[PDB]
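Numbering (full-length UniProt numbering), first residue to last: 123 to 211. Using N, Cα and C, we set each Cβ at its ideal position, and we do this for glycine too. Report on the structure given below.
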């Protein structure tokens with residue numbers, strides 16, 4: 123493929139989304155509570171950040187994507203807080 127495969131894995135008990143911190147533009151679509159979502163994204167620098175509803179949780183920062191690259195963000199829940207762990211496959 124000519125795009126990178128990016129997944130968001132919600133391992134928490136709260137709805138969250140992967141979007142940018144430079145605007146309202148998102149990164150991965152179709153992500154809800156206790157679930158996951160996929161999105162094919164151009165092989166460019168993409169600003170990653172974890173939001174819970176309208177609340178900014180963590181700034182994961184710009185990452186470099188490549189064609190055919192498969193990655194997945196694993197966000198766990200603990201103590202009422204979220205712990206995003208970005209994993210490359």
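Check	Outcome
Roughly how far, in whole angstroms, is the beta-carbon of residue 172 from the beta-carbon of residue 204, given that I think they are within contact range, below 8 Å?	6 Å
Taking the C-alpha atoms as reference points, what is the distance between residue 188 and residue 150?	16 Å
Which word fits residue 184, buried or exposed, when buried means at least 16 other C-beta atoms lie within 10 angstroms of its C-beta?	exposed
Are the beta-carbon atoms belonging to residue 124 and residue 194 less than 8 Å from one another?	no
Indicate whether residue 138 and residue 174 have their beta-carbon atoms separated by less than 8 Å.	yes
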